[PDB]
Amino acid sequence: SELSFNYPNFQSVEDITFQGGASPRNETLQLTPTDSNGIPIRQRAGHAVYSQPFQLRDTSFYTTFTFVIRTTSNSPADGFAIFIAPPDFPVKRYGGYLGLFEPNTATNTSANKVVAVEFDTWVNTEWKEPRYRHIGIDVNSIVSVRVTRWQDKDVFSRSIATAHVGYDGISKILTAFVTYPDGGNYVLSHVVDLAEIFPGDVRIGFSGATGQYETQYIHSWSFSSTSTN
């Protein structure tokens, strides 16, 4: 279906729903919480999602957002993702699960219905993932179907980074381009029929998790979807 929205900042959150440990703070989406001294709280997850459902049948979409990861250590955890799931998808487990999965079914594709672009700051050995920090595309599993190295100079830049995420409903291809000012550029694509996975309604939004010594912020976000008929 057709939907568009545009948040240059989050002084308004009229149509944003916050769950779990996410909240609106300093004109941003703050995905995980901090205590009264600004210290990230451990083992928390949260979601900030656009509140209106949409459909993926015969649809392409384009979305772009800017983000900051604030780390206070050389060993931050766990990252964040932009995701799509049914409208009643809840905040799931903290830590390496990124608010999107739970331990007993995290790598079981038949037990999940969630697609995401993850920004993964903590190398987990509890399931298969690369031995360095990475950006990936997740289809129904915490084990990414396409994954690439995220350079530490970018992870730790404290820059306002940009993501572009698009879905071509004709070719059935999800793509992310991530850019850093005077930094790295990242390109990932994967063939996935989202309308097959999601024959009804979905919502799009962000999930963040700790971990430790890391807060994830969304500074701006826009979206448009169009019929491919």
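In case it trips you up, residue 1 is the first one in the sequence shown, and so on.
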Mean C-alpha B factor from the entry: is it higher for 107-115 or for 92-100? 107-115
Mean B factor on CA atoms, stretches 77-85 and 130-138, record says higher is 130-138
Highest-ranked of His47, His164, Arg42, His190 once sorted by CA temperature factor in the record: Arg42
Check the PDB entry and point out which of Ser60, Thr179, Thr34, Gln30 has the largest C-alpha temperature factor. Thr34
On the chain's distribution of Cα B-factors, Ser227 falls within the third called highest
Give the position of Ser51 by CA B-factor within its chain, expressed as the lowest, middle or highest third. middle
Taking the C-alpha B-factors as the PDB entry records them, is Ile204 in the lowest, middle or highest third of its chain? lowest
Grab the CA temperature factor for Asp152 from the record and place it in the lowest, middle or highest third of its chain. highest
Among the modelled residues of its chain, does the C-alpha B-factor of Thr64 lie in the lowest, middle or highest third? lowest
